[PDB]
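In the structure tokens that follow, a single protein chain appears in two forms: structure 1, then structure 2.
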Structure 1
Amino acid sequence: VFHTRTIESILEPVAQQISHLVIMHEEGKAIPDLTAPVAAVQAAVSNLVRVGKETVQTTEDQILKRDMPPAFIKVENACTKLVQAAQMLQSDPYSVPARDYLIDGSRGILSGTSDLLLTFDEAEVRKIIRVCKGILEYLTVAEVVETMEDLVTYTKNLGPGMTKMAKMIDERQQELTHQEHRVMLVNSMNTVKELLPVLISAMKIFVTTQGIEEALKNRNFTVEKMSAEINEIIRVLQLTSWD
């Protein structure tokens, strides 16, 4: 239901209670005084909005500056509906709009916290994508390597770059809830790592060499296969649904 184990742990217990509450209200007693638990919701919302507003002002990521403020409004407005429901139930424990204001307030808080969490996740995924694109671009440089000096420089750059990408993917896949997505990330990453020494070997033969056309074909083939896997990783990293 939630694509990462952080979002799942945080939201799924509360998302299940809200669904249940909606089903109960549809088919179907006095609601007790909700003053103390609503105040706890208010104190948490106030902290989230204050810290959130501070992030909006300091960040350089224009997407956060754009997507975070509407989500705050969503959580703030939903909290206002919750504060109204508790004030209604204190005066009337059998109140009808109070039960609707609780549902509306719960839905809105979950909606806004979901938006916030998804926005933070898209931002982390953008960071991984930048590292992937970096590798893709460095794979395009392979075709201009003509000498052993260049091969040594290329190998010293690509080697650590691949290790950082492999570590980012390994850590991202552990965090995912859907198995089909984890398998695709692991499979593609393994192929990339396996084909890297094969690329360096193909380029060594090219630096060594009719005969040139064969060594060039194999180097271009490896870059093509590695590039296709990297572009598949970029695609899979952006998936939030279904399998």
Structure 2
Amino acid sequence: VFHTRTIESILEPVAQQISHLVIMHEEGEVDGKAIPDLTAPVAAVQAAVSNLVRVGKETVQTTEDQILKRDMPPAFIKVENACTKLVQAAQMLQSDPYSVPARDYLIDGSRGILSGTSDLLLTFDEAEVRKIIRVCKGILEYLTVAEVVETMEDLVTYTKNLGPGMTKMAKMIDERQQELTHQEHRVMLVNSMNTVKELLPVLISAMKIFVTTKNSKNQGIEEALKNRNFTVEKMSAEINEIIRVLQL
């Protein structure tokens, strides 16, 4: 169900347990079911929620992603308000073990904890993806500069500052595709990255010919320009495809 192996491993068993509890609650089964003392299990949840918000706050302050800074605090409120209902429900159940409003608080609280934790993981994941897209867009912009290269000196400068960006993007895509649960999207990412990687020496070779045809002042210039532009076009189309699949 979840798009990442990490998100799936964290949320799927707790989501299924809550879905089962919600079903029992709406069927009327929870209402008169004897509930043991929940002071300690709820205290363990409040301690875990406090640590998630504290670690979440450390990310908000040290990050530069303004969407993550904006979207994490409403989710902190959500998990904390959910925790409030669980702490209060445990108290209410000690005074009245048959409390129907307290059982409602247990379900709303558990759902709120899940929903808020899910929001936080999805926000954190979207920010990690935005880091990869930034790297992709930087390469796209750098590829728009290939047509400016017209001398040997330009070619050396250009190639030198292209090689690391490509290596960085390939490493990021390789690590990301291994995290995805959707196998068809993993195939799209790796195949697009294979195309970009293999077209890089094709682009460098076309730029070398372009520089040589320009210097010799021969009839082969238009074909050299067309071969370079077509390679920039294909690489750019593939990087735009990677950005699209990364967001899915």
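By rigid core we mean the largest C-alpha set that fits within 1.5 Å across both forms. Throughout, residue numbering runs from 1 along the sequence of structure 1.
Once the two forms are fitted on their rigid core, between the two structures the CA displacement reaches 2 Å or more only for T55 among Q179, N190, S201, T55.
Relative to the larger rigid part, the smaller one has turned by 10° between the two structures, according to C-alpha superposition.
The two forms line up on their rigid core, and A98 then has its Cα shifted by 2.8 Å between the two structures.
Its Cα shifted by 1.4 Å, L21 is compared between the two structures on a rigid core fit.
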